[PDB]
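**Q** Structure provided below as structure tokens; questions to follow.
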Amino acid sequence: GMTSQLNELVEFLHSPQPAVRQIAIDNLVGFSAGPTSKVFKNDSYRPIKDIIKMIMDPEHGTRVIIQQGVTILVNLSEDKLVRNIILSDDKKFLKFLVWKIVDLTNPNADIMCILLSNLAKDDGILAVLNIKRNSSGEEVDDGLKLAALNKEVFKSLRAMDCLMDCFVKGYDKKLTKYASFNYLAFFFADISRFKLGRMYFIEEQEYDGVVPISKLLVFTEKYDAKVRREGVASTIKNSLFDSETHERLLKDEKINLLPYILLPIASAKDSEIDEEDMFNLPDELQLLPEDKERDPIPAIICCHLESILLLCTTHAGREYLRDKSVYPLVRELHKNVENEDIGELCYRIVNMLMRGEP
């Protein structure tokens with residue numbers, strides 16, 4: 001019935017005629033969500049391969065065809081086995097994808113960021129850290145016409161550097177009218193789970209001489225972009241996996257890590273901290289606006305509390321946190337937010353900060 005119709009239809013994705021393909025994918029895009037999507041897994045994932053070729057085709061890959069192909073791939077990238085095909089079957093696609101996001105004339109940038117964030121679960125995503133290009137202008141990389149970079153915006157030839165630039169400077173449609181790059185937050189979140197990924201975020205990069213994690217910190221207070229807050233929260237937590245890195249990161253004043261972990265758990269109104277404690281708080285936590293509130297999403301608060309808890313691993317870290325009135329902030333969070341997961345974490349932090357010197 002429908003299964004029989006779709007099996008025949010999917011094969012037209014590799015018809016030699018462009019007109020035929022354009023029609024085939026137009027009809028198929030609707031069936032990529034829900035039980036009918038099994039059809040895209042025929043011939044050991046041949047439809048996925050054909051769709052990838054259609055997207056990358058420089059002549060016949062129109063705006064609509066790219067949008068429909070990516071929309072399919074976003075839906076199908078829930079399956080782990082499909083993500084494998086997207087990354088490993090053709091190594092060109094990942095290069096194509098990241099470079100087309102940083103193309104500020106690409107109208108399908110955001111939908112592509114969603115695809116990228118889904119692919120970041122598979123550890124084959126680490127390839128992004130090595131994807132560079134020879135020149136700033138137009139270039140042919142393994143038969144791919146890469147668009148010329150905006151030299152005014154992107155100073156790096158590294159892909160990961162340029163994606164950071166898009167996220168940090170492109171929020172609220174500031175680089176492109178078509179996109180705000182929000183879902184790159186989830187890309188950074190999932191890639192920083194891996195060792196080599198964490199290492200990008202906590203080390204100086206040449207192109208702008210800064211430690212990337214610092215550039216994301218400001219977005220913990222971005223209360224009109226829930227996706228950004230969630231991803232950045234996880235990236236910070238994942239960046240702190242190594243105890244021995246904690247002293248360096250807390251004390252680097254150019255990074256200025258701690259205040260942006262604390263701000264989302266701080267409130268002006270529902271919080272009584274005496275003035276002795278308040279004088280030890282970081283500058284950014286003192287004289288808070290009257291309307292200053294905690295992040296309303298408990299999942300995000302818990303993530304920040306997990307970061308604080310990580311920092312409590314080492315004695316030097318515990319001393320740093322104590323000296324910045326982290327205890328009173330945690331106490332008042334506990335007092336004023338009924339959530340039970342938040343509460344459990346608050347006690348675990350206090351248990352740690354109660355320790356002396358080993």
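The chains in the structure tokens are called A, B, ... from first to last as shown; in each chain the residues are counted from 1, and the ligands are counted from 1 in the order shown.
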May I have all residues of stretch 35-221 of chain A that DSSP, computed from the backbone, assigns to strand (DSSP E), given as a list in words?

**A** residues 139, 140, 145 and 146 of chain A

**Q** For the contact check between stretch 31-63 of chain A and stretch 91-94 of chain A, emit one row per residue of stretch 31-63 of chain A within 10 Å, containing the shortest atom pair and the distance in Å rounded to one decimal, counting only C-alpha atoms, chain then rising number order, as JSON lines.

**A**
{"residue": "A:52", "atom": "CA", "partner": "A:93", "partner_atom": "CA", "distance": 7.3}
{"residue": "A:53", "atom": "CA", "partner": "A:93", "partner_atom": "CA", "distance": 8.6}
{"residue": "A:55", "atom": "CA", "partner": "A:93", "partner_atom": "CA", "distance": 9.0}
{"residue": "A:56", "atom": "CA", "partner": "A:93", "partner_atom": "CA", "distance": 7.3}

**Q** Select from stretch 181-311 of chain A everything DSSP, run on the backbone, classes as helix (DSSP H, G or I), then give the selection as a ChimeraX atom specification.

**A** /A:184-191,195-201,212-221,226-239,243-251,258-265,275-278,283-285,298-311

**Q** Taking 2 positions as the minimum chain separation for residues in the same chain, which residues sit within 10 Å of stretch 167-176 of chain A when counting only C-alpha atoms? Answer as a short mmCIF file (atom, residue, chain, number, x, y, z; two decimals) with N, CA and C atoms, in the first residue's frame.

**A**
data_model
loop_
_atom_site.label_atom_id
_atom_site.label_comp_id
_atom_site.auth_asym_id
_atom_site.auth_seq_id
_atom_site.Cartn_x
_atom_site.Cartn_y
_atom_site.Cartn_z
N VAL A 102 28.61 28.89 8.01
CA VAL A 102 29.35 30.15 8.12
C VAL A 102 29.20 31.04 6.88
N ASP A 103 28.63 30.49 5.80
CA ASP A 103 28.20 31.30 4.66
C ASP A 103 27.00 32.13 5.13
N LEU A 104 27.19 33.44 5.22
CA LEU A 104 26.16 34.33 5.78
C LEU A 104 25.10 34.72 4.75
N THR A 105 25.15 34.11 3.57
CA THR A 105 24.08 34.24 2.59
C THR A 105 23.26 32.95 2.50
N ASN A 106 23.64 31.93 3.27
CA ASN A 106 22.91 30.67 3.30
C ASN A 106 21.61 30.82 4.09
N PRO A 107 20.46 30.70 3.40
CA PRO A 107 19.19 30.85 4.11
C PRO A 107 18.83 29.65 4.99
N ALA A 109 20.80 28.11 7.22
CA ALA A 109 21.88 27.97 8.19
C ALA A 109 21.39 27.34 9.49
N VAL A 153 34.28 39.48 9.06
CA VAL A 153 33.74 38.78 10.23
C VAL A 153 34.67 37.67 10.73
N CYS A 162 35.33 29.44 13.21
CA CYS A 162 34.30 30.18 12.49
C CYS A 162 32.90 29.89 13.03
N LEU A 163 32.67 28.67 13.51
CA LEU A 163 31.40 28.33 14.14
C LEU A 163 31.25 29.06 15.48
N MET A 164 32.33 29.15 16.25
CA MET A 164 32.35 29.98 17.46
C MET A 164 31.96 31.42 17.13
N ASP A 165 32.56 31.97 16.08
CA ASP A 165 32.27 33.33 15.64
C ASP A 165 30.79 33.50 15.33
N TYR A 178 18.72 35.46 8.11
CA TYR A 178 18.16 34.12 8.04
C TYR A 178 18.36 33.27 9.30
N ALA A 179 19.29 33.65 10.17
CA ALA A 179 19.67 32.76 11.28
C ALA A 179 20.30 33.45 12.49
N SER A 180 20.10 32.84 13.66
CA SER A 180 20.71 33.26 14.93
C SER A 180 21.67 32.21 15.53
N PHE A 181 21.81 31.07 14.84
CA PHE A 181 22.81 30.04 15.18
C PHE A 181 22.65 29.40 16.56
N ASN A 182 21.46 29.50 17.14
CA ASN A 182 21.24 29.04 18.52
C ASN A 182 21.65 27.60 18.75
N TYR A 183 21.31 26.72 17.82
CA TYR A 183 21.54 25.28 18.00
C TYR A 183 23.01 24.87 17.98
N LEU A 184 23.91 25.80 17.67
CA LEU A 184 25.34 25.54 17.84
C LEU A 184 25.70 25.38 19.32
N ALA A 185 24.85 25.88 20.21
CA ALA A 185 25.02 25.68 21.64
C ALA A 185 24.99 24.20 21.99
N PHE A 188 28.23 22.56 20.65
CA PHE A 188 29.32 22.75 21.61
C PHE A 188 29.14 21.88 22.84
N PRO A 212 38.21 29.84 24.28
CA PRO A 212 36.84 29.88 23.76
C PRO A 212 35.72 29.88 24.81
N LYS A 215 34.10 33.15 25.81
CA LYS A 215 33.21 33.82 24.84
C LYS A 215 31.75 33.36 24.95
N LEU A 216 31.53 32.14 25.45
CA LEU A 216 30.17 31.61 25.64
C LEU A 216 29.51 32.06 26.95
N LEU A 217 30.32 32.42 27.95
CA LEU A 217 29.82 32.67 29.31
C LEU A 217 28.67 33.66 29.39
N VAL A 218 28.77 34.74 28.62
CA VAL A 218 27.78 35.81 28.67
C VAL A 218 26.35 35.32 28.40
N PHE A 219 26.22 34.21 27.67
CA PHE A 219 24.91 33.70 27.25
C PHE A 219 24.16 32.91 28.33
N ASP A 224 15.98 35.05 26.62
CA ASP A 224 15.08 34.90 25.46
C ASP A 224 15.59 33.83 24.48
N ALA A 225 16.56 33.03 24.91
CA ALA A 225 17.11 31.95 24.09
C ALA A 225 17.42 30.74 24.97
N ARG A 228 20.20 28.30 23.92
CA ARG A 228 21.56 28.79 24.17
C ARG A 228 21.99 28.56 25.61
#

**Q** Applying 7 Å and only C-alpha atoms, which residues near residue A:29 remain after dropping the ones on its own chain fewer than 4 positions away? List them as a ChimeraX atom specification.

**A** /A:25,68,72

**Q** Once you have the residues from the selection above, write them out as an mmCIF file, in the first residue's frame, restricted to N, CA, C and O atoms.

**A**
data_model
loop_
_atom_site.group_PDB
_atom_site.id
_atom_site.type_symbol
_atom_site.label_atom_id
_atom_site.label_comp_id
_atom_site.auth_asym_id
_atom_site.auth_seq_id
_atom_site.Cartn_x
_atom_site.Cartn_y
_atom_site.Cartn_z
ATOM 1 N N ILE A 25 11.958 14.204 -3.936
ATOM 2 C CA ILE A 25 12.263 14.722 -2.597
ATOM 3 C C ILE A 25 11.163 15.635 -2.047
ATOM 4 O O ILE A 25 10.982 15.714 -0.831
ATOM 5 N N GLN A 68 14.731 20.885 2.033
ATOM 6 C CA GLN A 68 14.017 19.615 2.143
ATOM 7 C C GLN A 68 14.950 18.450 2.499
ATOM 8 O O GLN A 68 14.609 17.614 3.333
ATOM 9 N N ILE A 72 14.883 16.384 6.057
ATOM 10 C CA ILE A 72 14.836 14.925 6.135
ATOM 11 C C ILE A 72 15.966 14.426 7.033
ATOM 12 O O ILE A 72 15.734 13.632 7.944
#

**Q** Please list as a PyMOL selection string every residue within 10 Å of residue A:157, counting only C-alpha atoms and excluding residues in the same chain fewer than 4 positions away.

**A** chain A and resi 131-136+149+161-162+207

**Q** For a quick check of understanding, using only C-alpha atoms, which of A:11, A:272, A:110, A:357 has the smallest distance to residue A:315?

**A**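 Closest residue, counting only C-alpha atoms: A:357.
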
**Q** Please determine, counting only C-alpha atoms, which residue among A:141, A:284, A:152, A:123 has the shortest atom-to-atom distance to residue A:194.

**A** A:123

**Q** Restricting the calculation to only C-alpha atoms: of A:189, A:227, A:213, A:51, which residue gets closest to residue A:256?

**A** A:213
